[PDB]
Structures are given as C-alpha cells and as structure tokens.
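J.: The structure that follows is given in the form of structure tokens.
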Amino acid sequence: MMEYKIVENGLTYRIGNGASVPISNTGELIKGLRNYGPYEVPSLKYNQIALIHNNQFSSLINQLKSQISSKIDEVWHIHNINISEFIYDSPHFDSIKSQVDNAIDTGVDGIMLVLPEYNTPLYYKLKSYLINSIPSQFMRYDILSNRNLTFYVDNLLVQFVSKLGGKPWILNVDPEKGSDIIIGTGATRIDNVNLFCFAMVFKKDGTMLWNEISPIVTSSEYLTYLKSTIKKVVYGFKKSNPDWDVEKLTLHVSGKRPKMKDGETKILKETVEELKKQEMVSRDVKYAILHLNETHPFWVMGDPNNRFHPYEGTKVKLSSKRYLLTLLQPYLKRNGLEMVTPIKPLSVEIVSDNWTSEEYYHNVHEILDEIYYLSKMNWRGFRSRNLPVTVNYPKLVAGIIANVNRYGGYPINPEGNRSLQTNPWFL
Amino acid sequence: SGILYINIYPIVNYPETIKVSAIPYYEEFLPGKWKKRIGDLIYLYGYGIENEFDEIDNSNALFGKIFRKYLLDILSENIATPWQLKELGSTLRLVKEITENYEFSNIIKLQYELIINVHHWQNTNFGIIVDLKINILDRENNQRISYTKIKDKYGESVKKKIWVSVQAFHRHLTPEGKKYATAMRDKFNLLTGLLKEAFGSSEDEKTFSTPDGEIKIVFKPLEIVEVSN
RNA sequence: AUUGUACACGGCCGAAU
DNA sequence: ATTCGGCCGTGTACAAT
C-alpha cells in the first residue's frame, strides 16, 4: 500500500545557444545537434582529426570516414576540419603506437582509432597512452562490420565530441531544488576487491556540472579520501562561487553501502562540523548520506500504455530509508514507443541523514529529483546508464584505471594530470 | 492506471501477536528452522515455544524482525508436487524443471527458479516478494553452463536455440528470437502463476496454518497508490 | 570497444547487532 | 556470529535516429 510520486515534466536538454531538446528521444536530440551545436564546441589549435586503422581501400572504412565528415562538420560543428588516415599494418600494439606517433607529430586533436579485433589487453594498454595525451576514441573492426554505421557512428561521435574537451549537452536543472556539492561514488570489482572514485559536483555555472573527477581509492583509504574530498569540494565551491551551502552537501554511493554510524556518515558529520567551525558552510547544513543499488529482487509493472513500464520518474516508498526510482522509459520513436525487455529500476536508500524530521519528506524528493536529473548528465552515447553521472562516471573511471593498471600500461590519474578535468577521458 | 505493481504479495492476514519464546543467545545456534537471531538473543518462534510461552505484540520491535523468518519457515511447508525447495535462509529457493517442448530440449534442460522474499513497511503491513532466475542445465549432465560456454560444443546454432528459449520462457523475448510488446506484463504473470501452482494453491489465496494463527497471501502484486502529497 | 537495455554463468562485496 | 540486501566482472544476444 505504498505511494509513488512522479517528478514534474521537464529536464529538457540544453546544448548551448538556447535549446528545447527533450529527453529519451535520440532522434530529436541528434536533430537538435545538427540544427544547434553542442554546449561547448571543442575547437582546438589543430582543426584536424585523424582516423587510424589497418584497412586499405576497404569500402566500409571509406563510408565510415564519409559519415564522420558529414556529421562532425554538420552535427557537432567542429568546423574547418578534415579526416586523415594513418596505417600501422601490424596488429601488434607497438606498431599501432608508432603509427599514432605520426598523428601526434602532425598534431591532430582527434584520433578515432580502429582496432582489428576484440583484443582487451592491447585495447586498454593503448587507450591509456592515447587518452592521457590526446582526446581519442578506441574502437574495433569486428563489431564495426556487423551493425549499421549510422546508429554506430552517431554515438561514436557523441563520445568523441565529449572527449574533445567540449560538452555535448547539459540539463535544465535549477540552481535551487538540488544539492550544491554532490560527491558521488561508484565501484568496479576486480578480483573481489572494490575500487572507488568520486565524481565531485560543484554547480560551476548554477547548473549541476561534473566539474572534476578523482582517481581510484581502495576501501581502506575510502573514508580518509572522502574526508579530504568533503574539504576539497567546499574549497573549490568557495573559490568558484561566493555563495554558501544552503541546501545540501549530499553523497551518492554505489557499489557499497554506508553505515548508520561509525563509518561514512560519521566521517561526513565530523568533516561538516569542521567546515562549519570555520564559517565555510552554513549552520543549516544538511549531510544527507545516500546509497544507490542497481540489482535487487524488485521489479515494476508500469502503466500498460507505456509498454507496462514505469515512467521517467517514480518514488514508490515513504517514511522508510529505501526508495525506488525509474529512469529508462521506452524511447519515443516515430511509430510509438521502443519495444523493450523488462527493466530493473534503481533503488535509492537514505542510509543516514540529519534533516531532523521536520521537512524530511520534502528533502527526500529534493535529493531524488536530483538523481533523475543527474543520471542523464553522463556523456557516453545517446543512451543514459540509469545511474547518476556521479555514479556512472566514477564507475567508468575505476574500470578504465583498474584495467590499465592490471596490464601494466601507461599510468593514468586525474589528480596529477590537471588537464583531465572538465574533459571526459574515461568514457 | 497509475499503479506500479511492486513484486510484493501482501500478507492480508496474520496473528496480531505471535508466540515468541525469546532465549539468550547460545554459541552453537544453527541457522535452523523456526529460530531467528536478532540482537544477541535466539527467538524460538512458532515450533519450539515450550520454554517461555511468551507473546509479542504487533508494535514490538522484535516482532517485525522475527515474523519475517516465521513467514519464510511457514511458507517452506506447503509447496506443490512439481517444485522442489532448494535452500532456505534469507530467501527461499523454489525451483521447477521446465517441460515446454522448447527446441533442442533433449540436450539442455531449463529450470525455473523462484526467489521468495518478503518486505515490511510502516510496521503494520507485510508481503512476500518473488524473483525468477532460469538455470542453464545440460540435461544429460545437470551442470551449470553459460551460452558462451556451449559455443561450438553442444551445437553452435544451439546458442540461438537455448538463448531464444531462455528469453521466451523468461518472457523477455519472443519464442523465435525477436522482441515483442507485452514483455513486462508477461514477466509478472509468469511469477504470479508460478507461485500459485508452486505453493499448491490454484485458488487466489492459500490459508496456511501456523502454530499461532492463520496466514493468508493474496498472491497478487502489491498495488502502489498514486498519492502525490 | 557506438551505446544502452537485458541474460546466463562464474566469483561474490558488503547493510544491522 | 547470523539475517538480510545486493553487485560487480565476462560473453550471448537484442535495437535505437
């Protein structure tokens, strides 16, 4: 006999120069992108992108290059540009790196390399090198051959324009009705070990911007790095804004689950106490720890008209810590709704909080409006990952970095390399 | 419309007070049947109340955390002929061999598995949860293998055979391989029907008999009200 | 690795005292 | 220590504009 509530219709995509792009409509989003450029057009010194591969005069690669030109020149507005081909002719990673060294020496700002096979070690070992220096996009030929290259290269180039330091899209989330500084978390389990990352959010321009990311942290240092990050986010927020933490200082934990006391919440409470003892955060500060989980024994029959699946916003429980939230509604195609397999909704649980139960119900939705607002923020394709960007992005960072370190590749870190911030590289 | 069937089947009726014989914890406490260890005690609810004869009310703190395993242990009794409970504990493992003339059935056997769970909210309402998980089993060997694990072995074209059959029985995809419309509705009609013919009650509700009172399950998904507040 | 959504396995990591 | 809830990896497929 629970009760579910829906976020009021909105969250229209903004891509700069004004926008009215809806959500869950890839056709409409790409139509807007062709009509209106991306949020921050990532023009660079060398208006020239290379495509590095092994094929020679293959019609498929030629069609790929023609599509890349006709789209990035018209849909992503990185103008005054041309696509150059580089050939390594030997699937060994050393030959490929030697070939991409030619593109680096030329100075091309974008490398859309094509691998021949599904080869994990070489893929990650070379992605480390070709991501810690230049925006790029490693892809492979086996899966390139099979499916249509329209729907393929569209998302390919969305990820590409995101990696070029620009922003494909931004969401219409108000400066109010949100958390000023969200420190999200994700994890990736390698050899039964959790590796954590934090997608710090600062509200750089009044709209929730993933401003800077953090490297992998083992669970042993998870709490200490969380304290350091609580301090760093308020430092950066004060530096970039003369405002105060009036609404919240929440978190977003996935891949783990925080404690009620003597753990994540105690660290957050103590560090917020330290911040308020130095006038940095307002007295009416809200800690609002959280926990996010994707797999669980729960499912939902949505309304039958919407392919029996729950709509884009639902909060089914009340007065309990756990809540459920639906994000992936079926895509609204020209004929109707996309036929979809049964989907598993995201479960939100407020592990600990200190709203003192006066307007607790208001602030539960105040967080939960944000996560549905913060989940379509991710820039990896025309499709969302049904996790907040503060959960998707740390997960991707941890996966990429753990894979790179497992194979002994070129080390990556977003702390030492200052240029990695506000420039998606981990996608 | 405006309702989200939440995979919960309500406990429409259950004893207002359940006779729970609280016992100080003892180090050799097996997980056992009809015994729950919440806090630092052992609560010999139901079968085994010969010590205290105690009664625990609805609003008591221990009631909510004892009646969960009480309900699991009383649901682990009345099960129909085909199904076979596998394991009991935090959840109940109800499996059932599949016989639906799926293509290449003589090589790999499919196995419905039911995940019996239970959720309590507001301390005055209850309900059981179900989740399905088909198990891939080679009928001649009865071991756990994956679609990639078969590959060319057991037939390369049979990957298109069990997988399509798996998503068809699971009601995610068509029996041929493509995708259909009412995947979500059939995803739970299957769960409700499977539980109904699993607990040996083709009727809407089964009135299980407990040492305390009578437990009745609506066997229907918990409707969620469209309250906005 | 265009993206997701699912899926089956393998291994499981952690909430509450 | 138990109860109880998840939880992310590697490979099949499916389909969007």
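We name chains A, B, ... following the order of the structure tokens; residues begin at 1 in each chain, and ligands are numbered from 1 as shown.
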Could you give me, as a list in words, the residues within 10 Å of residue 384 in chain A, counting only C-alpha atoms (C1' of nucleotides) and dropping anything in the same chain fewer than 4 positions from it?
T.: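 Near residue 384 in chain A, the qualifying residues are residues 23, 24, 327, 328, 375, 376, 377, 378, 379, 380, 388, 389 and 392 of chain A; 3, 4 and 5 of chain C.
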J.: Which residues are close to residue 322 in chain A, i.e. within 10 Å by only C-alpha atoms (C1' of nucleotides), leaving aside same-chain residues fewer than 5 positions away? Reply as a PDB file with C-alpha atoms, in the first residue's frame.
T.:
```
ATOM      1  CA  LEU A 290      22.861   8.086   0.410  1.00  0.00           C
ATOM      2  CA  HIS A 291      23.162   4.628  -1.128  1.00  0.00           C
ATOM      3  CA  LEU A 292      22.424   3.542  -4.703  1.00  0.00           C
ATOM      4  CA  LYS A 315       9.349   7.305  -5.872  1.00  0.00           C
ATOM      5  CA  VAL A 316       7.374   4.364  -4.556  1.00  0.00           C
ATOM      6  CA  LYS A 317       8.142   4.143  -0.846  1.00  0.00           C
ATOM      7  CA  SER A 347      16.736   1.706  -5.581  1.00  0.00           C
ATOM      8  CA  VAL A 348      17.624   4.772  -3.501  1.00  0.00           C
ATOM      9  CA  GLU A 349      18.140   4.385   0.248  1.00  0.00           C
ATOM     10  CA  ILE A 350      18.970   7.214   2.653  1.00  0.00           C
ATOM     11  CA  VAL A 351      21.312   5.280   4.937  1.00  0.00           C
TER      12      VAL A 351
END
```
J.: List the neighbours of residue 1 in chain C out to 7 Å using only C-alpha atoms (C1' of nucleotides); skip same-chain residues closer than 6 positions along the sequence, and give me the result as a ChimeraX atom specification.
T.: /A:138-140
J.: What are the nearest atom pairs, with distances in Å to one decimal, for all residues of chain D that come at most 8 Å from chain A, using only C-alpha atoms (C1' of nucleotides), set out by chain and rising residue number as CSV?
T.:
```
residue,atom,partner,partner_atom,distance
D:5,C1',A:296,CA,7.5
D:6,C1',A:296,CA,6.1
D:7,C1',A:255,CA,6.6
D:8,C1',A:189,CA,5.2
D:9,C1',A:189,CA,6.3
D:16,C1',A:151,CA,6.9
D:17,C1',A:27,CA,4.2
```
J.: With 8 Å as the limit and counting only C-alpha atoms, what residues in chain A lie close to chain B? Please list them as an MDAnalysis selection string.
T.: chainID A and resid 1:6 297:304 307:310 316 319:320 339:342
J.: For the selection you just gave me, I'd like the residues written to a file as a compact mmCIF listing (two decimals), in the first residue's frame, keeping N, CA, C and O atoms.
T.:
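The result, stored in again.txt:
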```txt
# COMPACT_ATOMS: atom_id res chain seq x y z
N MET A 1 0.83 -1.20 0.00
CA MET A 1 0.00 0.00 0.00
C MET A 1 0.86 1.25 0.00
O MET A 1 0.48 2.29 0.54
N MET A 2 2.03 1.15 -0.63
CA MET A 2 2.94 2.27 -0.76
C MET A 2 2.38 3.30 -1.74
O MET A 2 1.34 3.09 -2.38
N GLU A 3 3.08 4.42 -1.86
CA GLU A 3 2.63 5.50 -2.73
C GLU A 3 3.80 6.04 -3.54
O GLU A 3 4.88 6.30 -3.00
N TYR A 4 3.59 6.21 -4.84
CA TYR A 4 4.64 6.65 -5.75
C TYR A 4 4.35 8.06 -6.25
O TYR A 4 3.19 8.43 -6.48
N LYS A 5 5.41 8.85 -6.42
CA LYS A 5 5.33 10.22 -6.89
C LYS A 5 6.24 10.41 -8.10
O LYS A 5 7.30 9.79 -8.20
N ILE A 6 5.82 11.28 -9.01
CA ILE A 6 6.50 11.49 -10.29
C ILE A 6 7.06 12.91 -10.32
O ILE A 6 6.38 13.86 -9.94
N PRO A 297 15.94 -7.74 -5.89
CA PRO A 297 14.81 -8.62 -6.23
C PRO A 297 13.56 -7.90 -6.68
O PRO A 297 12.53 -8.55 -6.89
N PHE A 298 13.59 -6.58 -6.82
CA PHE A 298 12.37 -5.84 -7.13
C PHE A 298 12.24 -5.61 -8.63
O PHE A 298 13.23 -5.54 -9.36
N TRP A 299 10.99 -5.50 -9.08
CA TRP A 299 10.65 -5.13 -10.45
C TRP A 299 9.38 -4.30 -10.38
O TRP A 299 8.81 -4.13 -9.30
N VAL A 300 8.94 -3.77 -11.52
CA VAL A 300 7.76 -2.92 -11.57
C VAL A 300 7.01 -3.16 -12.87
O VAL A 300 7.60 -3.10 -13.95
N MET A 301 5.71 -3.42 -12.76
CA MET A 301 4.75 -3.23 -13.86
C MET A 301 4.37 -1.76 -13.91
O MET A 301 3.66 -1.26 -13.03
N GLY A 302 4.83 -1.06 -14.94
CA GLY A 302 4.38 0.29 -15.16
C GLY A 302 2.99 0.30 -15.76
O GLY A 302 2.33 -0.73 -15.93
N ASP A 303 2.53 1.50 -16.08
CA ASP A 303 1.22 1.65 -16.69
C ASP A 303 1.19 0.94 -18.04
O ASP A 303 2.15 1.04 -18.81
N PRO A 304 0.12 0.21 -18.35
CA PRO A 304 0.11 -0.60 -19.58
C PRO A 304 0.32 0.19 -20.86
O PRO A 304 0.88 -0.35 -21.82
N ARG A 307 4.09 0.69 -22.43
CA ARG A 307 4.74 -0.62 -22.55
C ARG A 307 4.90 -1.28 -21.18
O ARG A 307 5.91 -1.92 -20.89
N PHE A 308 3.88 -1.10 -20.34
CA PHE A 308 3.81 -1.68 -19.00
C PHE A 308 5.02 -1.34 -18.13
O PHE A 308 5.28 -2.04 -17.14
N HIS A 309 5.77 -0.28 -18.47
CA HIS A 309 6.98 0.06 -17.74
C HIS A 309 6.83 1.41 -17.04
O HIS A 309 6.20 2.33 -17.58
N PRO A 310 7.40 1.54 -15.85
CA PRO A 310 7.25 2.79 -15.08
C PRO A 310 7.83 3.98 -15.82
O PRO A 310 8.80 3.87 -16.56
N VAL A 316 8.46 5.26 -4.92
CA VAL A 316 7.37 4.36 -4.56
C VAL A 316 7.21 4.23 -3.05
O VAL A 316 6.10 4.00 -2.57
N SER A 319 8.60 7.17 4.14
CA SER A 319 8.90 7.11 5.56
C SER A 319 9.92 6.02 5.89
O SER A 319 10.36 5.90 7.03
N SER A 320 10.30 5.23 4.89
CA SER A 320 11.39 4.28 5.05
C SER A 320 12.63 4.82 4.36
O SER A 320 12.56 5.74 3.53
N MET A 339 10.17 -0.98 -28.29
CA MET A 339 9.93 -2.26 -27.65
C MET A 339 11.14 -2.58 -26.78
O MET A 339 12.28 -2.50 -27.24
N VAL A 340 10.91 -2.94 -25.52
CA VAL A 340 11.99 -3.09 -24.56
C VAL A 340 11.78 -4.33 -23.72
O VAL A 340 10.64 -4.73 -23.43
N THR A 341 12.88 -4.96 -23.33
CA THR A 341 12.84 -6.04 -22.37
C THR A 341 12.49 -5.48 -20.99
O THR A 341 12.60 -4.27 -20.76
N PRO A 342 12.03 -6.32 -20.07
CA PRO A 342 11.79 -5.86 -18.70
C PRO A 342 13.03 -5.19 -18.12
O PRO A 342 14.15 -5.69 -18.24
```
J.: Write out as CSV a residue-level contact list of chain C versus chain B with cut-off 9 Å: for each qualifying residue the closest pair of atoms and the distance in Å to one decimal, counting only C-alpha atoms (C1' of nucleotides), rows sorted by chain and residue number upward.
T.:
```
residue,atom,partner,partner_atom,distance
C:6,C1',B:172,CA,8.0
C:7,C1',B:167,CA,7.8
C:8,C1',B:146,CA,5.3
C:9,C1',B:146,CA,4.9
C:16,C1',B:39,CA,8.7
C:17,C1',B:39,CA,4.9
```
J.: For the residues in that selection, give me N, CA and C atoms (P, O5', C5', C4', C3', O3' and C1' of nucleotides) as a PDB file, in the first residue's frame.
T.:
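Writing the result to part26.pdb gives the following:
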```pdb
ATOM      1  P     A C   6      17.581  -3.250 -17.508  1.00  0.00           P
ATOM      2  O5'   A C   6      16.813  -4.633 -17.655  1.00  0.00           O
ATOM      3  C5'   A C   6      17.529  -5.856 -17.683  1.00  0.00           C
ATOM      4  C4'   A C   6      17.243  -6.638 -18.938  1.00  0.00           C
ATOM      5  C3'   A C   6      17.630  -8.105 -18.888  1.00  0.00           C
ATOM      6  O3'   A C   6      16.667  -8.912 -18.238  1.00  0.00           O
ATOM      7  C1'   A C   6      18.525  -7.166 -20.832  1.00  0.00           C
ATOM      8  P     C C   7      17.104  -9.849 -17.009  1.00  0.00           P
ATOM      9  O5'   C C   7      17.948 -11.002 -17.704  1.00  0.00           O
ATOM     10  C5'   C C   7      17.460 -11.669 -18.856  1.00  0.00           C
ATOM     11  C4'   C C   7      18.491 -12.621 -19.393  1.00  0.00           C
ATOM     12  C3'   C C   7      19.219 -13.436 -18.343  1.00  0.00           C
ATOM     13  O3'   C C   7      18.470 -14.550 -17.900  1.00  0.00           O
ATOM     14  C1'   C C   7      20.787 -12.528 -19.850  1.00  0.00           C
ATOM     15  P     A C   8      18.589 -15.051 -16.381  1.00  0.00           P
ATOM     16  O5'   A C   8      19.694 -16.188 -16.460  1.00  0.00           O
ATOM     17  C5'   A C   8      19.780 -17.021 -17.604  1.00  0.00           C
ATOM     18  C4'   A C   8      21.168 -17.566 -17.777  1.00  0.00           C
ATOM     19  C3'   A C   8      21.944 -17.785 -16.496  1.00  0.00           C
ATOM     20  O3'   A C   8      21.577 -18.966 -15.816  1.00  0.00           O
ATOM     21  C1'   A C   8      23.325 -16.696 -18.059  1.00  0.00           C
ATOM     22  P     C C   9      22.279 -19.314 -14.419  1.00  0.00           P
ATOM     23  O5'   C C   9      23.551 -20.168 -14.842  1.00  0.00           O
ATOM     24  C5'   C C   9      24.652 -20.302 -13.963  1.00  0.00           C
ATOM     25  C4'   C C   9      25.950 -20.055 -14.676  1.00  0.00           C
ATOM     26  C3'   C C   9      27.125 -19.703 -13.787  1.00  0.00           C
ATOM     27  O3'   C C   9      27.724 -20.844 -13.208  1.00  0.00           O
ATOM     28  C1'   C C   9      27.016 -18.176 -15.579  1.00  0.00           C
ATOM     29  P     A C  16      24.103  -0.058   8.997  1.00  0.00           P
ATOM     30  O5'   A C  16      23.238  -1.344   9.352  1.00  0.00           O
ATOM     31  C5'   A C  16      21.847  -1.238   9.606  1.00  0.00           C
ATOM     32  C4'   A C  16      21.403  -2.287  10.589  1.00  0.00           C
ATOM     33  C3'   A C  16      22.106  -2.267  11.937  1.00  0.00           C
ATOM     34  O3'   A C  16      21.584  -1.302  12.832  1.00  0.00           O
ATOM     35  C1'   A C  16      22.074  -4.473  11.105  1.00  0.00           C
ATOM     36  P     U C  17      22.323  -1.027  14.232  1.00  0.00           P
ATOM     37  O5'   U C  17      21.819  -2.210  15.171  1.00  0.00           O
ATOM     38  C5'   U C  17      22.633  -2.711  16.227  1.00  0.00           C
ATOM     39  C4'   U C  17      22.278  -4.138  16.566  1.00  0.00           C
ATOM     40  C3'   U C  17      22.834  -4.653  17.893  1.00  0.00           C
ATOM     41  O3'   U C  17      21.898  -5.558  18.476  1.00  0.00           O
ATOM     42  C1'   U C  17      23.628  -6.006  16.129  1.00  0.00           C
TER      43        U C  17
END
```
J.: Would you mind listing what lies within 12 Å of residue 227 in chain A as a ChimeraX atom specification, with only C-alpha atoms (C1' of nucleotides) counted and same-chain residues fewer than 3 positions away left out?
T.: /A:183,198,221-224,230-234,251,263-275
J.: So how many Å separate CA of residue 136 in chain A and CA of residue 166 in chain A, to one decimal?
T.: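 Distance reported for this atom pair: 12.9 Å.
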J.: Using only C-alpha atoms (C1' of nucleotides), I'd like every residue of chain D that has an atom within 10 Å of chain B; please write them out as a list in words.
T.: residues 1, 2, 3, 4, 5, 10, 11, 12, 13, 14 and 15 of chain D
J.: Show me, as an NGL selection string, the residues that have an atom within 9 Å of residue 199 in chain B when counting only C-alpha atoms (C1' of nucleotides), minus same-chain residues fewer than 6 positions from it.
T.: :B and (75-81 or 83 or 206)
